[PDB]
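What follows is a structure written as structure tokens; I'll ask about it next.
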Amino acid sequence: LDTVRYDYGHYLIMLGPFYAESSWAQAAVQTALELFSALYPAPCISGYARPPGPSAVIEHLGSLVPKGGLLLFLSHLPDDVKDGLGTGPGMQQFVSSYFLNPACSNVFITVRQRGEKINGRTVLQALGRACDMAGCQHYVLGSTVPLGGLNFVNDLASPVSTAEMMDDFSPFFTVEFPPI
Amino acid sequence: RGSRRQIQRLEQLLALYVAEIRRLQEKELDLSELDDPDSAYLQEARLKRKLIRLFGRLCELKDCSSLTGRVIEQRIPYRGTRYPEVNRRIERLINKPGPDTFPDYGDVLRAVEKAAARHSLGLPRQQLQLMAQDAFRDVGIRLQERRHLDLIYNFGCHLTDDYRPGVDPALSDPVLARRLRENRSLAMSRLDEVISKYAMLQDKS
Amino acid sequence: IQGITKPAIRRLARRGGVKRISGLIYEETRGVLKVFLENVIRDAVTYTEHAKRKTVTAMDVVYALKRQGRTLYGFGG
Amino acid sequence: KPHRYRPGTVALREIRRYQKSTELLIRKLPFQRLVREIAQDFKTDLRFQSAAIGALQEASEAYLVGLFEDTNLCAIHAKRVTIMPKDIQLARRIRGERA
């Protein structure tokens, strides 16, 4: 992968579903990425991080971030986890149950969208198309931000726009990262 | 669409203003440059204003109403009484436009006795004032940390932007740590003695 | 000797949710302001010349702010 | 919920910081000159970044509003009474430190 510097205000995406089973899904994510580099050949990914693996999701997300933290939305969570919502930091505990402990076959990426529509596609959209065609699920979780380690906003009511994820939003249910 | 061609020249002009705003933000100033009304700082502020009103021009040019991405904007809802239409009158503290919308105890008591009177509650001055105090401190604090939050969101520039908390130089070089413990000592000493200075000064009354 | 505006201060006050003020409070805020800056710059410069530099940096000032107790708390994690 | 605008050539967080900066209360020459006064004070002669004056102002007013917020946050009254260093010292007595 080509890289670009990490500054605040990029998008956080997760590529995958929610040996053996993990071997199929793998073939898709790395496929989509390649396709992406083809479909949109301009270096927008800052901070791909798998490592070390297999490791609990929040730990994966730990090595993704050099500065500040992330803020992600509850509507843009995977429908499997989103469904277990439908009660305050009482639900902080649950969303920790789904997004803290479980170990991922997934790839976490941070892409930067700067102007420059290529062909028809945007960054998020060329990753949209390269992902679908590659037969790969992708969730755009939230954006990269100066404050806090991990910040969820209550998105469940009205969803946020594909595009409007960079605004300020004032979270509840904030989660510190791990150590090293 | 020949006009749609013109609106992007305004957009990249925006891009240009931000180029020169960062070029000025870097420019460094000695003391005599710091007495200057034409200094790189004040130039940078003239440029920031000319930018924001170009942006406003442009906003009212696309019908899109002028505002950008701040926690100030969202109305902050409050039901902290057990009584929802006291929270009707109270929840619009904020309906008042922009910054400077922030009450004192008197305002909250006027709105809670407003919702007490015209809705006709009829409860003693006792628990009425418990509701007014509980609410005032509650939303006082919520509002405060909402403002603070907006601060740590958008603070400084691209220079302050790149900051890791744990590359702090004081960590590897304890001589520096020594010096800084010293300065913080001094700092708190001074703060407290100036506050108490004007206390025991205003005692002259 | 000219100061900074009596209205601007009545306006910081007004922003804090405060209506009107005792006269001498005007100059108190002046005093308080100047103490603050002192011990931020004092700390900023401490960095600047420790790192042996002829210029005080916006980064130096961040490192100083975050050292001021609650002031910048929350920034950059 | 009327419509809203995101421009292509400029990141928002930049535009929000610029609009934040144009919002500051104190005039910027008075400030610039107060930093002069403190530098000529400290006998340190160093060039300052203009970015660093920026940080200093944003942070200062943060602290001041912070003190008025703190002082009004403990006011319990029969009517509006004008605010005096009695009150600021009491507010600081209760909470303290910064803002």
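Indices start at 1 and increase along the chain as displayed.
Backbone N, Cα and C atoms are what each Cβ position is placed from, and that goes for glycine too.
The annotation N6-methyllysine is assigned in Swiss-Prot to D:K1, D:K20, D:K86 (among others). Per Swiss-Prot, the feature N6-glutaryllysine maps to D:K20 (among others); the stated evidence is experimental evidence. Summarising the annotation, Swiss-Prot assigns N6-acetyllysine to D:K20 (among others). Residues or ranges marked as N6-crotonyllysine in Swiss-Prot: D:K20. Annotation source Swiss-Prot lists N6-lactoyllysine at D:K43 (among others), citing experimental evidence. Marked as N6-succinyllysine by Swiss-Prot on the basis of experimental evidence: D:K43, D:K86 (among others). Positions annotated as phosphoserine by Swiss-Prot: D:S50 (among others). Residues or ranges marked as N6-(beta-hydroxybutyryl)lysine in Swiss-Prot (evidence: experimental evidence): D:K86 (among others). The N6-(2-hydroxyisobutyryl)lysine annotation in Swiss-Prot covers D:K86 (among others).
Help me understand the surroundings of these features in the structure.
There are 4 other Cβ atoms within 10 Å of the Cβ belonging to D:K1 (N6-methyllysine).
The secondary structure of D:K20 (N6-glutaryllysine), as reduced to three states from DSSP, is helical. The Cβ of D:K20 (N6-glutaryllysine) has 21 other Cβ atoms within 10 Å, all protein chains considered.
Around D:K43 (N6-lactoyllysine), no same-chain residue at least 6 positions away in sequence has a Cβ under 8 Å from its Cβ. According to DSSP, D:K43 (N6-lactoyllysine) is assigned to coil rather than to any helix or strand.
The Cβ of D:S50 (phosphoserine) has 26 neighbouring Cβ atoms from other residues within 10 Å, across all protein chains displayed.
Annotation note: D:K86 (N6-(beta-hydroxybutyryl)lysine) sits in a helical segment as assigned by DSSP. Every protein chain considered, the tally of other Cβ atoms within 10 Å of the Cβ of D:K86 (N6-(beta-hydroxybutyryl)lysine) stands at 15.
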Which of the modified residues D:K1, D:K20, D:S50 has its Cα closest in space to the Cα of D:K86 (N6-(beta-hydroxybutyryl)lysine)?
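Nearest candidate: D:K20.
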Using Cβ atoms only, which of the modified residues D:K1, D:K43, D:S50 are under 8 Å from chain B?
D:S50
In whole Å, how far is D:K20 (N6-glutaryllysine) from D:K1 (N6-methyllysine) when you measure between their Cα atoms?
23
